[PDB]
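Raw target_39.pdb, PDB, C-alpha atoms and all ligand atoms:
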ATOM      1  CA  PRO P   1     -86.663  24.079  97.331  1.00  0.00           C
ATOM      2  CA  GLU P   2     -90.151  23.716  98.789  1.00  0.00           C
ATOM      3  CA  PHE P   3     -88.624  20.911 100.810  1.00  0.00           C
ATOM      4  CA  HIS P   4     -85.103  19.829 101.651  1.00  0.00           C
ATOM      5  CA  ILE P   5     -84.582  16.100 102.414  1.00  0.00           C
ATOM      6  CA  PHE P   6     -81.458  15.355 104.427  1.00  0.00           C
ATOM      7  CA  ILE P   7     -80.323  11.709 104.482  1.00  0.00           C
ATOM      8  CA  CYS P   8     -77.633  10.819 107.093  1.00  0.00           C
ATOM      9  CA  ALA P   9     -74.954   8.965 105.206  1.00  0.00           C
ATOM     10  CA  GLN P  10     -72.166   8.990 107.802  1.00  0.00           C
ATOM     11  CA  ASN P  11     -70.106   5.862 107.771  1.00  0.00           C
ATOM     12  CA  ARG P  12     -68.286   4.446 110.652  1.00  0.00           C
ATOM     13  CA  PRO P  13     -66.193   1.223 110.714  1.00  0.00           C
ATOM     14  CA  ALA P  14     -68.196  -2.008 110.980  1.00  0.00           C
ATOM     15  CA  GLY P  15     -68.631  -2.785 114.650  1.00  0.00           C
ATOM     16  CA  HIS P  16     -68.215   0.777 115.819  1.00  0.00           C
ATOM     17  CA  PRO P  17     -70.110   1.088 119.089  1.00  0.00           C
ATOM     18  CA  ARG P  18     -72.284   4.023 117.865  1.00  0.00           C
ATOM     19  CA  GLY P  19     -73.020   2.253 114.594  1.00  0.00           C
ATOM     20  CA  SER P  20     -73.761   4.371 111.556  1.00  0.00           C
ATOM     21  CA  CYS P  21     -76.602   5.255 109.185  1.00  0.00           C
ATOM     22  CA  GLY P  22     -74.277   4.101 106.410  1.00  0.00           C
ATOM     23  CA  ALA P  23     -74.280   0.636 107.981  1.00  0.00           C
ATOM     24  CA  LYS P  24     -78.091   0.859 108.573  1.00  0.00           C
ATOM     25  CA  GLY P  25     -79.057   1.307 104.913  1.00  0.00           C
ATOM     26  CA  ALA P  26     -78.679   4.958 104.058  1.00  0.00           C
ATOM     27  CA  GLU P  27     -77.708   4.103 100.469  1.00  0.00           C
ATOM     28  CA  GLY P  28     -80.972   2.142  99.871  1.00  0.00           C
ATOM     29  CA  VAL P  29     -82.963   4.977 101.494  1.00  0.00           C
ATOM     30  CA  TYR P  30     -81.355   7.737  99.495  1.00  0.00           C
ATOM     31  CA  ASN P  31     -82.055   5.783  96.272  1.00  0.00           C
ATOM     32  CA  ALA P  32     -85.677   5.181  97.224  1.00  0.00           C
ATOM     33  CA  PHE P  33     -86.119   8.977  97.768  1.00  0.00           C
ATOM     34  CA  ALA P  34     -84.422   9.878  94.513  1.00  0.00           C
ATOM     35  CA  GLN P  35     -86.437   7.246  92.512  1.00  0.00           C
ATOM     36  CA  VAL P  36     -89.612   8.719  93.985  1.00  0.00           C
ATOM     37  CA  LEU P  37     -88.598  12.342  93.305  1.00  0.00           C
ATOM     38  CA  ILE P  38     -87.622  11.544  89.650  1.00  0.00           C
ATOM     39  CA  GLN P  39     -90.848   9.577  89.114  1.00  0.00           C
ATOM     40  CA  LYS P  40     -93.063  12.364  90.386  1.00  0.00           C
ATOM     41  CA  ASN P  41     -91.097  15.200  88.653  1.00  0.00           C
ATOM     42  CA  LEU P  42     -90.073  16.693  91.956  1.00  0.00           C
ATOM     43  CA  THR P  43     -86.258  17.024  91.560  1.00  0.00           C
ATOM     44  CA  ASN P  44     -86.608  20.860  90.947  1.00  0.00           C
ATOM     45  CA  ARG P  45     -88.990  21.365  93.831  1.00  0.00           C
ATOM     46  CA  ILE P  46     -87.372  19.030  96.453  1.00  0.00           C
ATOM     47  CA  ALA P  47     -83.622  18.910  97.240  1.00  0.00           C
ATOM     48  CA  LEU P  48     -82.099  15.596  98.393  1.00  0.00           C
ATOM     49  CA  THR P  49     -78.798  15.779 100.150  1.00  0.00           C
ATOM     50  CA  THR P  50     -76.555  13.408 102.101  1.00  0.00           C
ATOM     51  CA  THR P  51     -75.143  14.512 105.481  1.00  0.00           C
ATOM     52  CA  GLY P  52     -72.932  13.450 108.226  1.00  0.00           C
ATOM     53  CA  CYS P  53     -74.122  12.467 111.511  1.00  0.00           C
ATOM     54  CA  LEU P  54     -77.425  13.917 112.540  1.00  0.00           C
ATOM     55  CA  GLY P  55     -77.044  12.948 116.206  1.00  0.00           C
ATOM     56  CA  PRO P  56     -79.321   9.976 117.143  1.00  0.00           C
ATOM     57  CA  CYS P  57     -77.243   7.190 115.524  1.00  0.00           C
ATOM     58  CA  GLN P  58     -78.995   4.309 117.300  1.00  0.00           C
ATOM     59  CA  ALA P  59     -82.359   5.249 115.756  1.00  0.00           C
ATOM     60  CA  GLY P  60     -80.847   5.162 112.224  1.00  0.00           C
ATOM     61  CA  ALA P  61     -81.247   5.226 109.374  1.00  0.00           C
ATOM     62  CA  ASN P  62     -82.195   8.879 109.946  1.00  0.00           C
ATOM     63  CA  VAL P  63     -83.932  11.440 107.715  1.00  0.00           C
ATOM     64  CA  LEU P  64     -84.440  15.063 108.480  1.00  0.00           C
ATOM     65  CA  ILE P  65     -86.756  17.402 106.486  1.00  0.00           C
ATOM     66  CA  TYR P  66     -86.840  21.144 106.331  1.00  0.00           C
ATOM     67  CA  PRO P  67     -88.806  23.202 106.686  1.00  0.00           C
ATOM     68  CA  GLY P  68     -89.810  21.855 110.029  1.00  0.00           C
ATOM     69  CA  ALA P  69     -86.854  19.953 111.376  1.00  0.00           C
ATOM     70  CA  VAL P  70     -88.961  16.782 111.097  1.00  0.00           C
ATOM     71  CA  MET P  71     -86.857  13.728 111.670  1.00  0.00           C
ATOM     72  CA  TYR P  72     -87.673  10.116 110.838  1.00  0.00           C
ATOM     73  CA  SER P  73     -85.820   7.146 112.209  1.00  0.00           C
ATOM     74  CA  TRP P  74     -85.518   3.388 111.404  1.00  0.00           C
ATOM     75  CA  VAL P  75     -86.160   4.541 107.813  1.00  0.00           C
ATOM     76  CA  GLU P  76     -86.475   1.856 105.104  1.00  0.00           C
ATOM     77  CA  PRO P  77     -86.726   2.144 101.287  1.00  0.00           C
ATOM     78  CA  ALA P  78     -90.575   1.764 101.293  1.00  0.00           C
ATOM     79  CA  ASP P  79     -91.025   4.791 103.526  1.00  0.00           C
ATOM     80  CA  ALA P  80     -89.554   7.175 100.896  1.00  0.00           C
ATOM     81  CA  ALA P  81     -92.769   7.318  98.862  1.00  0.00           C
ATOM     82  CA  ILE P  82     -94.861   7.345 102.016  1.00  0.00           C
ATOM     83  CA  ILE P  83     -92.947  10.453 103.329  1.00  0.00           C
ATOM     84  CA  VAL P  84     -92.980  12.195  99.984  1.00  0.00           C
ATOM     85  CA  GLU P  85     -96.678  11.479  99.388  1.00  0.00           C
ATOM     86  CA  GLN P  86     -98.306  11.872 102.751  1.00  0.00           C
ATOM     87  CA  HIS P  87     -96.021  14.558 104.417  1.00  0.00           C
ATOM     88  CA  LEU P  88     -94.267  16.493 101.674  1.00  0.00           C
ATOM     89  CA  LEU P  89     -97.209  16.636  99.321  1.00  0.00           C
ATOM     90  CA  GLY P  90    -100.147  15.780 101.630  1.00  0.00           C
ATOM     91  CA  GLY P  91     -99.089  17.879 104.592  1.00  0.00           C
ATOM     92  CA  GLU P  92     -99.120  15.121 107.266  1.00  0.00           C
ATOM     93  CA  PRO P  93     -95.987  13.676 108.876  1.00  0.00           C
ATOM     94  CA  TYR P  94     -95.848   9.944 108.737  1.00  0.00           C
ATOM     95  CA  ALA P  95     -96.318   9.221 112.373  1.00  0.00           C
ATOM     96  CA  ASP P  96     -95.090   5.569 112.133  1.00  0.00           C
ATOM     97  CA  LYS P  97     -91.523   6.534 111.509  1.00  0.00           C
ATOM     98  CA  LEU P  98     -91.319  10.042 113.240  1.00  0.00           C
ATOM     99  CA  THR P  99     -88.232  10.164 115.435  1.00  0.00           C
ATOM    100  CA  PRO P 100     -89.575   9.887 119.061  1.00  0.00           C
ATOM    101  CA  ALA P 101     -89.985  13.343 120.645  1.00  0.00           C
ATOM    102  CA  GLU P 102     -87.526  12.462 123.473  1.00  0.00           C
ATOM    103  CA  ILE P 103     -84.739  11.728 121.000  1.00  0.00           C
ATOM    104  CA  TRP P 104     -85.172  14.788 118.674  1.00  0.00           C
TER     105      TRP P 104
ATOM    106  CA  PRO L   1     -82.111  23.000 117.076  1.00  0.00           C
ATOM    107  CA  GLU L   2     -83.229  26.661 116.624  1.00  0.00           C
ATOM    108  CA  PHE L   3     -80.874  26.642 113.577  1.00  0.00           C
ATOM    109  CA  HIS L   4     -79.233  24.125 111.530  1.00  0.00           C
ATOM    110  CA  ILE L   5     -75.989  25.086 109.720  1.00  0.00           C
ATOM    111  CA  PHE L   6     -75.163  22.903 106.748  1.00  0.00           C
ATOM    112  CA  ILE L   7     -71.631  22.966 105.364  1.00  0.00           C
ATOM    113  CA  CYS L   8     -71.059  21.445 101.905  1.00  0.00           C
ATOM    114  CA  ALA L   9     -68.082  19.087 102.323  1.00  0.00           C
ATOM    115  CA  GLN L  10     -68.188  17.267  99.044  1.00  0.00           C
ATOM    116  CA  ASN L  11     -64.737  16.485  97.740  1.00  0.00           C
ATOM    117  CA  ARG L  12     -64.043  15.633  94.185  1.00  0.00           C
ATOM    118  CA  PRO L  13     -60.658  14.720  92.704  1.00  0.00           C
ATOM    119  CA  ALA L  14     -58.193  17.558  91.981  1.00  0.00           C
ATOM    120  CA  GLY L  15     -58.920  18.935  88.502  1.00  0.00           C
ATOM    121  CA  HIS L  16     -62.521  17.774  88.419  1.00  0.00           C
ATOM    122  CA  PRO L  17     -64.367  20.245  86.071  1.00  0.00           C
ATOM    123  CA  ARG L  18     -66.978  21.054  88.749  1.00  0.00           C
ATOM    124  CA  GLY L  19     -64.590  21.600  91.605  1.00  0.00           C
ATOM    125  CA  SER L  20     -65.700  20.862  95.089  1.00  0.00           C
ATOM    126  CA  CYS L  21     -66.313  22.865  98.263  1.00  0.00           C
ATOM    127  CA  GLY L  22     -63.854  20.350  99.696  1.00  0.00           C
ATOM    128  CA  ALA L  23     -61.190  21.831  97.455  1.00  0.00           C
ATOM    129  CA  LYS L  24     -62.514  25.370  98.299  1.00  0.00           C
ATOM    130  CA  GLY L  25     -61.835  25.215 102.065  1.00  0.00           C
ATOM    131  CA  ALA L  26     -64.902  23.548 103.465  1.00  0.00           C
ATOM    132  CA  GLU L  27     -62.819  22.099 106.328  1.00  0.00           C
ATOM    133  CA  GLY L  28     -61.455  25.592 107.341  1.00  0.00           C
ATOM    134  CA  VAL L  29     -65.049  26.894 107.197  1.00  0.00           C
ATOM    135  CA  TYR L  30     -66.537  24.051 109.223  1.00  0.00           C
ATOM    136  CA  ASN L  31     -63.808  24.473 111.940  1.00  0.00           C
ATOM    137  CA  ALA L  32     -64.486  28.261 112.172  1.00  0.00           C
ATOM    138  CA  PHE L  33     -68.213  27.623 112.769  1.00  0.00           C
ATOM    139  CA  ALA L  34     -67.520  24.880 115.318  1.00  0.00           C
ATOM    140  CA  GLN L  35     -65.103  27.188 117.214  1.00  0.00           C
ATOM    141  CA  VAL L  36     -67.645  30.044 117.272  1.00  0.00           C
ATOM    142  CA  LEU L  37     -70.442  27.774 118.442  1.00  0.00           C
ATOM    143  CA  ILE L  38     -68.316  26.122 121.243  1.00  0.00           C
ATOM    144  CA  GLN L  39     -67.060  29.521 122.283  1.00  0.00           C
ATOM    145  CA  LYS L  40     -70.549  31.132 122.563  1.00  0.00           C
ATOM    146  CA  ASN L  41     -72.188  28.021 124.246  1.00  0.00           C
ATOM    147  CA  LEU L  42     -74.401  27.350 121.249  1.00  0.00           C
ATOM    148  CA  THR L  43     -73.649  23.675 120.449  1.00  0.00           C
ATOM    149  CA  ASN L  44     -77.018  22.632 122.059  1.00  0.00           C
ATOM    150  CA  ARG L  45     -78.978  25.295 120.163  1.00  0.00           C
ATOM    151  CA  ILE L  46     -77.464  25.241 116.693  1.00  0.00           C
ATOM    152  CA  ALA L  47     -76.631  22.008 114.809  1.00  0.00           C
ATOM    153  CA  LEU L  48     -73.661  21.930 112.456  1.00  0.00           C
ATOM    154  CA  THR L  49     -73.539  19.262 109.846  1.00  0.00           C
ATOM    155  CA  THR L  50     -71.454  18.430 106.684  1.00  0.00           C
ATOM    156  CA  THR L  51     -73.348  17.679 103.475  1.00  0.00           C
ATOM    157  CA  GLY L  52     -72.783  16.496  99.948  1.00  0.00           C
ATOM    158  CA  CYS L  53     -72.971  18.831  97.087  1.00  0.00           C
ATOM    159  CA  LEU L  54     -75.593  21.520  97.719  1.00  0.00           C
ATOM    160  CA  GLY L  55     -75.642  22.299  93.902  1.00  0.00           C
ATOM    161  CA  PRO L  56     -73.816  25.572  93.096  1.00  0.00           C
ATOM    162  CA  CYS L  57     -70.258  24.247  93.198  1.00  0.00           C
ATOM    163  CA  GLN L  58     -68.709  27.203  91.305  1.00  0.00           C
ATOM    164  CA  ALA L  59     -69.726  29.547  94.157  1.00  0.00           C
ATOM    165  CA  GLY L  60     -68.273  27.388  96.958  1.00  0.00           C
ATOM    166  CA  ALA L  61     -67.432  27.006  99.765  1.00  0.00           C
ATOM    167  CA  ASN L  62     -71.262  26.944 100.227  1.00  0.00           C
ATOM    168  CA  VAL L  63     -73.220  27.000 103.566  1.00  0.00           C
ATOM    169  CA  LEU L  64     -76.941  26.646 103.855  1.00  0.00           C
ATOM    170  CA  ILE L  65     -79.000  27.629 106.925  1.00  0.00           C
ATOM    171  CA  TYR L  66     -82.383  26.370 108.071  1.00  0.00           C
ATOM    172  CA  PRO L  67     -84.918  27.653 108.993  1.00  0.00           C
ATOM    173  CA  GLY L  68     -84.925  29.725 105.908  1.00  0.00           C
ATOM    174  CA  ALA L  69     -82.957  27.959 103.110  1.00  0.00           C
ATOM    175  CA  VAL L  70     -80.387  30.889 103.259  1.00  0.00           C
ATOM    176  CA  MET L  71     -77.245  29.964 101.352  1.00  0.00           C
ATOM    177  CA  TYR L  72     -73.912  31.714 101.637  1.00  0.00           C
ATOM    178  CA  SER L  73     -71.268  31.368  99.015  1.00  0.00           C
ATOM    179  CA  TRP L  74     -67.470  31.927  98.741  1.00  0.00           C
ATOM    180  CA  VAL L  75     -67.460  31.426 102.422  1.00  0.00           C
ATOM    181  CA  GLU L  76     -64.219  32.050 104.307  1.00  0.00           C
ATOM    182  CA  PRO L  77     -63.333  31.222 108.005  1.00  0.00           C
ATOM    183  CA  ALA L  78     -63.883  34.853 109.140  1.00  0.00           C
ATOM    184  CA  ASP L  79     -67.527  34.768 107.968  1.00  0.00           C
ATOM    185  CA  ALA L  80     -68.508  32.147 110.450  1.00  0.00           C
ATOM    186  CA  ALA L  81     -68.683  34.445 113.440  1.00  0.00           C
ATOM    187  CA  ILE L  82     -70.167  37.156 111.271  1.00  0.00           C
ATOM    188  CA  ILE L  83     -73.045  34.809 110.181  1.00  0.00           C
ATOM    189  CA  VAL L  84     -73.534  33.336 113.615  1.00  0.00           C
ATOM    190  CA  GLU L  85     -73.666  36.801 115.285  1.00  0.00           C
ATOM    191  CA  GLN L  86     -75.345  39.003 112.665  1.00  0.00           C
ATOM    192  CA  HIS L  87     -77.718  36.376 111.258  1.00  0.00           C
ATOM    193  CA  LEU L  88     -78.253  33.468 113.635  1.00  0.00           C
ATOM    194  CA  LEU L  89     -78.214  35.578 116.845  1.00  0.00           C
ATOM    195  CA  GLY L  90     -79.101  39.068 115.384  1.00  0.00           C
ATOM    196  CA  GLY L  91     -81.621  38.108 112.674  1.00  0.00           C
ATOM    197  CA  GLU L  92     -79.958  39.844 109.689  1.00  0.00           C
ATOM    198  CA  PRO L  93     -78.624  37.646 106.897  1.00  0.00           C
ATOM    199  CA  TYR L  94     -75.077  38.774 106.020  1.00  0.00           C
ATOM    200  CA  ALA L  95     -75.630  40.449 102.767  1.00  0.00           C
ATOM    201  CA  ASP L  96     -71.963  40.305 101.700  1.00  0.00           C
ATOM    202  CA  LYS L  97     -71.730  36.601 101.280  1.00  0.00           C
ATOM    203  CA  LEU L  98     -75.400  35.666 100.404  1.00  0.00           C
ATOM    204  CA  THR L  99     -75.560  33.276  97.410  1.00  0.00           C
ATOM    205  CA  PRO L 100     -76.673  35.340  94.409  1.00  0.00           C
ATOM    206  CA  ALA L 101     -80.501  35.104  94.082  1.00  0.00           C
ATOM    207  CA  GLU L 102     -80.067  33.870  90.399  1.00  0.00           C
ATOM    208  CA  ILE L 103     -78.094  30.842  91.641  1.00  0.00           C
ATOM    209  CA  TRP L 104     -80.083  29.781  94.760  1.00  0.00           C
TER     210      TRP L 104
HETATM  211  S1  LIG R 201     -74.661   8.241 111.926  1.00  0.00           S
HETATM  212 FE1  LIG R 201     -76.638   8.854 111.245  1.00  0.00          FE
HETATM  213  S2  LIG R 201     -77.489   9.982 112.906  1.00  0.00           S
HETATM  214 FE2  LIG R 201     -75.436   9.439 113.605  1.00  0.00          FE
HETATM  215  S1  LIG R 202     -69.496  20.606  95.951  1.00  0.00           S
HETATM  216 FE1  LIG R 202     -70.317  22.007  97.445  1.00  0.00          FE
HETATM  217  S2  LIG R 202     -72.035  22.804  96.360  1.00  0.00           S
HETATM  218 FE2  LIG R 202     -71.358  21.250  95.007  1.00  0.00          FE
END

Let me see the file written as structure tokens.
Amino acid sequence: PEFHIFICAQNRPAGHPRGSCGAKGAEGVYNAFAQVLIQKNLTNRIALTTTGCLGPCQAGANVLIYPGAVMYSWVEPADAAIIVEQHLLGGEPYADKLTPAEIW
Amino acid sequence: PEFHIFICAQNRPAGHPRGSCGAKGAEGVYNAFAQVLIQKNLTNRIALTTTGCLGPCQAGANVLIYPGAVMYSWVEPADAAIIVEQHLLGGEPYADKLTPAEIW
């Protein structure tokens, strides 16, 4: 792996006070990433893995990338290509969805 | 996080042809790490997270460490402290349980 994409997929019961990335659209986000990776022939260069809780649940859905420990928050399906294209390939973190520096 | 410890926790049904790190003692491995981390006051420095399948199921229980993409295979509870101390604190990957280079 040149890159490792970690998608928080922790579920908690509906109405849990922490919420959960699972309830915030992790499944749609994972699929957007995988669709992008398959499309661009990247599935042998970039690993895509679900995780439990990554810590900042209220900023979900959360995505962490290694190398770098770069986290993204409030992630939506449309960002998957943006992150792959501009950060992973282009070398520039997508500042619009970077987890705030105070939180991570 | 200085280090991120990823513990494959994928379960598959009993008798699944792939097996699962779940069936290979992932939970015993995760608990050993957690106990070493809490005991050495490292839970703010080193993140510990469960993951879906990391790929090489036949070599499980599998742990991956970032920075570095260093995977350990056939992991047992006793290795936790070894990896934390030798590798994560001491800088020397623990040669005895490193995932064969062919595989990862
Ligand atoms: S549930 Fe996703 S970061 Fe906590
Ligand atoms: S189930 Fe753990 S590596 Fe596949």

Handout entry: Test item: residues at most 12 Å from residue 95 of chain L, all atoms listed in the file, excluding those fewer than 3 positions along its chain, as a ChimeraX atom specification
Key = /L:70-73,79,82-83,86-87,91-92,98-101

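Taking only C-alpha atoms and all ligand atoms into account, the residues that come within 7 Å of ligand LIG 201 (chain R) are residues 8, 9, 10, 11, 19, 20, 21, 22, 52, 53, 54, 55, 56, 57, 60, 61 and 62 of chain P.
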
Handout entry: Selection dump of the ChimeraX specification (/L :<9) & /P, as a VMD selection string
Key = chain P and resid 1 4 6 8 47 to 54 66 to 69 104

Restricted to C-alpha atoms, what would the selected residues look like written as a PDB file, keeping the file's coordinate frame?
ATOM      1  CA  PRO P   1     -86.663  24.079  97.331  1.00  0.00           C
ATOM      2  CA  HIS P   4     -85.103  19.829 101.651  1.00  0.00           C
ATOM      3  CA  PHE P   6     -81.458  15.355 104.427  1.00  0.00           C
ATOM      4  CA  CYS P   8     -77.633  10.819 107.093  1.00  0.00           C
ATOM      5  CA  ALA P  47     -83.622  18.910  97.240  1.00  0.00           C
ATOM      6  CA  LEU P  48     -82.099  15.596  98.393  1.00  0.00           C
ATOM      7  CA  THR P  49     -78.798  15.779 100.150  1.00  0.00           C
ATOM      8  CA  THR P  50     -76.555  13.408 102.101  1.00  0.00           C
ATOM      9  CA  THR P  51     -75.143  14.512 105.481  1.00  0.00           C
ATOM     10  CA  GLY P  52     -72.932  13.450 108.226  1.00  0.00           C
ATOM     11  CA  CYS P  53     -74.122  12.467 111.511  1.00  0.00           C
ATOM     12  CA  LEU P  54     -77.425  13.917 112.540  1.00  0.00           C
ATOM     13  CA  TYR P  66     -86.840  21.144 106.331  1.00  0.00           C
ATOM     14  CA  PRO P  67     -88.806  23.202 106.686  1.00  0.00           C
ATOM     15  CA  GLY P  68     -89.810  21.855 110.029  1.00  0.00           C
ATOM     16  CA  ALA P  69     -86.854  19.953 111.376  1.00  0.00           C
ATOM     17  CA  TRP P 104     -85.172  14.788 118.674  1.00  0.00           C
TER      18      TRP P 104
END

Would you compute, for all listed atoms of segment 56-72 of chain L, the axis-aligned bounding box grown by 3 Å on each side, and then report its centre and edge lengths in Å rounded to one decimal, as JSON?
{"center_x": -76.2, "center_y": 28.0, "center_z": 100.1, "size_x": 23.5, "size_y": 13.5, "size_z": 23.7}

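Counting from atom CA of residue 97 of chain P, the distance to atom CA of residue 59 of chain P is 10.2 Å.
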
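Close contacts of segment 27-44 of chain L, defined as residues with an atom at most 6 Å away when counting all atoms listed in the file, with chain neighbours fewer than 4 positions off set aside, comprise residues 76, 77, 80 and 81 of chain L.
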
Fill in the blank from the handout: Separating atom CA of residue 16 of chain P from atom CA of residue 63 of chain L, to the nearest tenth of an Å, is a gap of 29.4 Å
